[PDB]
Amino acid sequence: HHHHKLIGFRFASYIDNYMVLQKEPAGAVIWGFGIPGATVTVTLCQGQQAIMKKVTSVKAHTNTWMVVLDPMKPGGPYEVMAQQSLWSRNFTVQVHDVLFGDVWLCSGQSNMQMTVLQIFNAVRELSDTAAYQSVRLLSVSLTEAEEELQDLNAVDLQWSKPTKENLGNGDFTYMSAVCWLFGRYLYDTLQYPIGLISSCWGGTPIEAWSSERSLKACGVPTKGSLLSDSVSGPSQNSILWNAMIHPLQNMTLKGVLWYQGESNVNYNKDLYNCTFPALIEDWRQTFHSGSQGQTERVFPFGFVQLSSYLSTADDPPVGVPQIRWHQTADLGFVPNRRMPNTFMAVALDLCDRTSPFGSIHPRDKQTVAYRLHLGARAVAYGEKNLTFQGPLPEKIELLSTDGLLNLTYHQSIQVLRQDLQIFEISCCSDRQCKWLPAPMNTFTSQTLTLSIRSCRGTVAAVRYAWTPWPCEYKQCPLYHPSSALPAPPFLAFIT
């Protein structure tokens, strides 16, 4: 039958068998729909034994109900029951195989959407599901709406233990490789249940994923900007937020994983350094409110920095590095003052020349997940003495007489090769500035000199890796030796 027997009493869409609810010290939120005047009793059971009971009622002209569970220790399985007591009649719904752990929401565009089927060494990564059954998966369906939705419209993959079949179901459909591998490495580390919720659509600018509030705070035009071929998907303000994120606001989370930016290369580019941090803040506010304060007011938000690829032919190439910079709030590293409790994975050395899905869809999502997982371990789980940032210049000295720029990095650096063009200097001379290459010259363990001899004026600024395609696969010029992390792109001014 198309209908169920019981219609008026059901859990909210994010609740189902085999799901994962956020662990201690937060309380799991359980909400759903019911008949007015009913009294709802949620009972958390471990087999035959009821461990926890919460009680609420469905107010007069409302049709929803919600309780907040007590904090729980990670593990399982558990069963969640809800009973609607409506005067003389009782109705119950039950979900089983429920786990408590860390809940991570994965969002972004096509590089998040890209699934385990399409990635490097796909067969092994799809078969090695045995040890990770406590990692649970849910993929949200592509739906768009012009107003915020209370519940999800549709779900492509319901809460499931990972299998070959649902990890790699078609192309750009079931379970991101990035989220899956991030959750897999996070489980390797934490050894307790992880829940991964994939809500992403390829070709989408950040405006689509932001609420009205953050967009207003950044002065995004209400009437959408003209868009290029880089914006292949839903672009209207908040259209994907309304339907694919907002329904989850009342759920208790560990954090968010983000892989977006490619479509903002030529859509409201110069606003990303506002809109992306705003979005983060906004979500933190909203999800904190929606979950009755259970989701941390400043929860971990980890994102991927754009990789090396070729953008579409009607975009100015410069947009790609600019977004990479805007993704850091124009500071080059995270966490920072504008983006606290955030972690980043540098991806510009993880390109793919032979990808059958386009340079923009690199097939090495494992290294991306590994670097994201370092960031998460450090920021989300406060792991100390763990390196998760690439080397960046902490001091820049100008030796004009020698024709040199001396860059002292906060980290030890490893120089693979002497690259002549990856660094650039702004030669300014009486109201005329121009960018020129600064070849790498001589280096020590923690510092590197660039040849500014080509500049006949003053050196105002220096930038590193300001290209759409700055490096070949793991053939960037600069890495931290111990951590094997690439030096991130940067723009610094000389004062």
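A residue's number is simply how far along the shown sequence it sits, counting from 1.
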Do the CA atoms of 291 to 299 or those of 230 to 238 have the higher mean B-factor in the entry?
291 to 299
With respect to the recorded C-alpha B factors, which stretch has the higher mean value, 150 to 158 or 411 to 419?
411 to 419
Identity of residue with top Cα B-factor, from 89, 371, 324, 184:
89
Just to confirm, going by the entry's C-alpha B-factors, which of 172, 209, 272, 258 comes out highest?
172
Test of reading the entry: by CA B factor among the chain's modelled residues, which third contains residue 349?
lowest
Relative C-alpha B-factor of residue 44, binned into the chain's lowest, middle or highest third:
middle
Where the record places residue 27 (Cα B-factor, split into thirds across the chain):
highest
Chain-relative C-alpha B factor for residue 7 (record values, thirds): the lowest
Using the temperature factors of the C-alpha atoms in this entry, rank residue 36 within its chain: lowest, middle or highest third.
lowest
